[PDB]
Amino acid sequence: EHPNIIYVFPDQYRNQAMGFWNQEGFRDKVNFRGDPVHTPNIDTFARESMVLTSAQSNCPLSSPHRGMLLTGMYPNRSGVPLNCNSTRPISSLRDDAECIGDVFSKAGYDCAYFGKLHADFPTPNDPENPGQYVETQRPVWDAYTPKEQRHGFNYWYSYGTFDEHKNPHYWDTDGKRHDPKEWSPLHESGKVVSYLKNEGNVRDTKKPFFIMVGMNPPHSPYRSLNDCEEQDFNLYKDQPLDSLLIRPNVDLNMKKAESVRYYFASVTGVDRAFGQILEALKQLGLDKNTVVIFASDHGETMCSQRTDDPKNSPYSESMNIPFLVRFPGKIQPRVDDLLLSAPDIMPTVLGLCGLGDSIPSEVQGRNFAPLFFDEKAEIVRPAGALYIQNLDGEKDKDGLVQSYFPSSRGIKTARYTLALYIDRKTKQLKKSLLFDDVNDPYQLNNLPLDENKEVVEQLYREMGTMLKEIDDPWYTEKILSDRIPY
Ligand SMILES: CC(=O)N[C@H]1[C@H](O[C@H]2[C@H](O)[C@@H](O)[C@H](O)O[C@@H]2C(=O)O)O[C@H](CO)[C@H](OS(=O)(=O)O)[C@@H]1O[C@@H]1OC(C(=O)O)=C[C@H](O)[C@H]1O
Ligand SMILES: [Ca+2]
């Protein structure tokens, strides 16, 4: 048969926010000082798994990522070019896409989704106050996902988005809303343990399972004890700011900097929650039977580059996501600088569960399962992964976004981060970031393009290839045709 799979992906979690990057072996495999975070469960897990230094969120923003995650397609084809909200009818997960849940399901898996989905355009949808939005907030951010639209998940315990961490809410398989008054991650984790124990007979123990856990923290808020457990907070409470924010690209004097205490608390708590899932696998013997992956949708600046916006930028702090894959006696624990792109996750996870031959044709990403199973595999490693920023385009008579402005395309290679920003009226180069991530890992030194013709010309060629391959708007609109060979 085919093994079980759990994909645990807390929102807004930097690859750099993991203890083990300062630990022996690991710390020699990355250019950065890891954040001073206490993540013991993940640290141990990392010594059992293939660990990437260089997984990329091509569009480091919730819905765009989730769209690539679930469909294995870039944001021009996922259905999901923008963050989902009542402003953006143009952005919602394609009904007609053959998603990760659909393939698993079609192959005999029970599939179960816990926590944040943030992939559907809000509608007056609400199962229990019908013809009504699920919240009053305008714009509307949250959404209910009916059985018709759950792409293979026969077990639902999930919201769209809602950032009260100790007052989260969930719709069950039947559309019943639940409001425990419990810190999201530890509730989500207890709820997963129950599904694993098959309490309430919610699952067929003869079928293998596919689980996704979309934890909200360590995403905003992170201002107070409303937003994390005092237990975790106690570790960072009194620590001076210059010993929490160690990245030399940080402005310690930003109103935001204080938030690091609570970010790290949410990180330590998320680790404790992941811990409960792992122990439940061991205590039930499912540990030997199950592919486990720890990931995020995008990172967090946390005052790095004075950005104030956690993400939606090409900085290593925004693009680089954790990616840890444990599959006992199929994957040797090791570190790998594979440049995995989000749309590669779905086909690679199917590869790993031996459903490589069931990858839908519409999928744009590639199946690196062979490379996970075999260090020494004749498989081509990517040269780069695309940077993508998509903004609101034009609006209609009723003030709704009905198109997207592709504000930035760029590339991350082994050595370089390049990001080109264009103007909405005159599709002309307006700002340009270029970093030598090897010599300038905190991206302090923005390199002029004119002073680097050999390097830039190569980056322009790799962007061209990739943008043409995914049939990206920059390609179809022959944007910067004058520097980018298509
Ligand atoms: C972090 C941020 O800048 N904006 C995100 C937003 O965060 C608000 C929270 O709801 C609140 O808890 C916190 O303390 O302050 C934020 C605020 O009031 O501005 O939450 C959104 C989801 O609930 C969303 O995050 S997302 O799910 O992770 O990706 C939002 O992200 C911003 O969204 C957009 C966009 O819709 O275009 C653009 C920004 O680049 C992105 O940072
Ligand atoms: Ca997010």
# chains A, B, ... in the order shown; residues from 1 in each chain; ligands from 1

call {"tool": "residues_around", "arguments": {"residues": "range 464-473 of chain A", "least_positions_apart": "3", "cutoff": "6 Å", "atoms": "only C-alpha atoms", "output": "MDAnalysis selection string"}}
result
chainID A and resid 461 476:477 484:486

call {"tool": "residues_near_ligand", "arguments": {"ligand": "ligand 2", "cutoff": "9 Å", "atoms": "only C-alpha atoms and all ligand atoms", "output": "list in words"}}
result
residues 10, 11, 12, 13, 60, 61, 62, 63, 65, 66, 83, 118, 216, 219, 296, 297, 298, 299 and 311 of chain A

call {"tool": "residues_around", "arguments": {"residues": "residue 410 in chain A", "least_positions_apart": "3", "cutoff": "9 Å", "atoms": "only C-alpha atoms", "output": "list in words"}}
result
residues 314, 385, 386, 387, 388, 389, 417, 418, 419, 420, 421, 433, 459, 460 and 463 of chain A

call {"tool": "select_by_dssp", "arguments": {"residues": "range 143-270 of chain A", "states": "alpha helix (DSSP H)", "output": "PDB file with C-alpha atoms, in the first residue's frame"}}
result
ATOM      1  CA  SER A 184      -5.703  27.728  18.253  1.00  0.00           C
ATOM      2  CA  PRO A 185      -2.613  25.488  17.838  1.00  0.00           C
ATOM      3  CA  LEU A 186      -3.097  23.326  20.969  1.00  0.00           C
ATOM      4  CA  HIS A 187      -6.866  22.944  20.189  1.00  0.00           C
ATOM      5  CA  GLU A 188      -6.051  22.061  16.514  1.00  0.00           C
ATOM      6  CA  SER A 189      -3.439  19.554  17.849  1.00  0.00           C
ATOM      7  CA  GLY A 190      -5.803  17.830  20.380  1.00  0.00           C
ATOM      8  CA  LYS A 191      -8.404  17.647  17.547  1.00  0.00           C
ATOM      9  CA  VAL A 192      -5.812  15.859  15.293  1.00  0.00           C
ATOM     10  CA  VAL A 193      -4.859  13.395  18.101  1.00  0.00           C
ATOM     11  CA  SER A 194      -8.623  12.521  18.316  1.00  0.00           C
ATOM     12  CA  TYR A 195      -8.801  11.883  14.557  1.00  0.00           C
ATOM     13  CA  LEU A 196      -5.620   9.757  14.918  1.00  0.00           C
ATOM     14  CA  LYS A 197      -7.110   7.753  17.842  1.00  0.00           C
ATOM     15  CA  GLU A 230       2.261  32.508  29.324  1.00  0.00           C
ATOM     16  CA  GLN A 231       4.332  29.229  29.610  1.00  0.00           C
ATOM     17  CA  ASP A 232       5.998  29.998  26.202  1.00  0.00           C
ATOM     18  CA  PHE A 233       6.011  33.825  26.586  1.00  0.00           C
ATOM     19  CA  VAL A 260       9.299  39.518  18.699  1.00  0.00           C
ATOM     20  CA  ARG A 261       8.592  38.255  22.271  1.00  0.00           C
ATOM     21  CA  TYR A 262       5.079  37.162  21.254  1.00  0.00           C
ATOM     22  CA  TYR A 263       6.131  35.888  17.757  1.00  0.00           C
ATOM     23  CA  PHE A 264       8.730  33.595  19.437  1.00  0.00           C
ATOM     24  CA  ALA A 265       6.154  32.578  22.129  1.00  0.00           C
ATOM     25  CA  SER A 266       3.729  31.533  19.331  1.00  0.00           C
ATOM     26  CA  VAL A 267       6.656  29.678  17.677  1.00  0.00           C
ATOM     27  CA  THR A 268       7.544  27.779  20.913  1.00  0.00           C
ATOM     28  CA  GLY A 269       3.806  26.942  21.432  1.00  0.00           C
ATOM     29  CA  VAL A 270       3.383  25.764  17.815  1.00  0.00           C
TER      30      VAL A 270
END

call {"tool": "residues_around", "arguments": {"residues": "residue 271 in chain A", "least_positions_apart": "5", "cutoff": "7 Å", "atoms": "only C-alpha atoms", "output": "mmCIF file with N, CA and C atoms, in the first residue's frame"}}
result
data_model
loop_
_atom_site.group_PDB
_atom_site.id
_atom_site.type_symbol
_atom_site.label_atom_id
_atom_site.label_comp_id
_atom_site.auth_asym_id
_atom_site.auth_seq_id
_atom_site.Cartn_x
_atom_site.Cartn_y
_atom_site.Cartn_z
ATOM 1 N N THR A 39 12.563 25.543 20.237
ATOM 2 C CA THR A 39 11.694 24.619 19.463
ATOM 3 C C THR A 39 12.207 23.171 19.553
ATOM 4 N N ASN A 41 10.796 20.106 19.913
ATOM 5 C CA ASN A 41 10.112 19.031 19.157
ATOM 6 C C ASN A 41 10.565 19.041 17.687
ATOM 7 N N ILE A 42 10.576 20.222 17.074
ATOM 8 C CA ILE A 42 11.005 20.426 15.661
ATOM 9 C C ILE A 42 12.498 20.065 15.532
#

call {"tool": "closest_residue", "arguments": {"among": "A:88, A:178, A:483, A:38", "to": "residue 115 in chain A", "atoms": "only C-alpha atoms"}}
result
A:178

call {"tool": "closest_residue", "arguments": {"among": "A:85, A:132, A:105, A:91", "to": "ligand 1", "atoms": "only C-alpha atoms and all ligand atoms"}}
result
A:85

call {"tool": "closest_residue", "arguments": {"among": "A:434, A:8, A:143, A:17", "to": "residue 273 in chain A", "atoms": "only C-alpha atoms"}}
result
A:8

call {"tool": "select_by_dssp", "arguments": {"residues": "range 30-236 of chain A", "states": "strand (DSSP E or B)", "output": "PyMOL selection string"}}
result
chain A and resi 50-52+55-56+110-116+155-159+170-172+177-178+209-214

call {"tool": "closest_residue", "arguments": {"among": "A:445, A:223, A:154, A:278", "to": "residue 203 in chain A", "atoms": "only C-alpha atoms"}}
result
A:154

call {"tool": "closest_residue", "arguments": {"among": "A:361, A:205, A:304, A:259", "to": "ligand 1", "atoms": "only C-alpha atoms and all ligand atoms"}}
result
A:259

call {"tool": "closest_residue", "arguments": {"among": "A:160, A:393, A:322, A:152", "to": "residue 56 in chain A", "atoms": "only C-alpha atoms"}}
result
A:322

call {"tool": "residues_around", "arguments": {"residues": "residue 150 in chain A", "least_positions_apart": "3", "cutoff": "12 Å", "atoms": "only C-alpha atoms", "output": "ChimeraX atom specification"}}
result
/A:70,93-102,105,111-113,117,119-120,144-147,153-158,172-173
